[PDB]
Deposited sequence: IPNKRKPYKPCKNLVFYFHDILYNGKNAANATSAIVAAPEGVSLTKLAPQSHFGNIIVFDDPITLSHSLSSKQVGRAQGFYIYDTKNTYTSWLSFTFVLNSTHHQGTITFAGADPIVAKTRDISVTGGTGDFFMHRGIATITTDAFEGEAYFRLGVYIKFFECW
């Protein structure tokens, strides 16, 4: 399938059978990260990535791109676990310009420092 809309953003984060069933107590890390048009942190910011993930002693990720720029106004929410420096995550929600949008995002992670840059390539397959 070809997507009815493609978007690319970067956001910047600073840290600080077979196997049996496995549980543990979790701790939540909450983040609020700048989203930029290109790779550099000092390139134009177009919103904030806000969400959370988990440490055990944690493939789980929930976050929203809160977009607020001259061309993009809305939110896109993603949720799920995926264990490669690259993973897919489902679009799970949309508001504003991204009202009723659906699709997937490919997340590529440049790890450096406590500095992580995440390339997020959004392919929408339903667009309103």
Exercise. So which bits of the deposited sequence did not make it into the model?
Worked result: 1-7, 24-44, 86-89, 116-117, 147-148
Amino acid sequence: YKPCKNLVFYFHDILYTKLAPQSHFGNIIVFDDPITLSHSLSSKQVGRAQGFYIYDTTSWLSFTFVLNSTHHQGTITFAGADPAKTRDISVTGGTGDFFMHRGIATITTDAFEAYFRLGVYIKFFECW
From here on, numbers count along this sequence of modelled residues.
For this session: Would you mind comparing 86-94 and 48-56 for me and telling me which has the higher average C-alpha temperature factor in the entry?
Result: 48-56
Exercise. Looking at the entry, does 20-28 or 115-123 show the higher mean C-alpha B-factor?
Worked result: 20-28
Problem set entry | Per the PDB entry, maximal CA B factor within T75, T36, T70, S62 | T70
Problem set entry | Third assignment of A81 from its chain's C-alpha B-factors | middle
Exercise. When the modelled residues of the chain are sorted by Cα temperature factor, does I14 land in the lowest, middle or highest third?
Worked result: highest
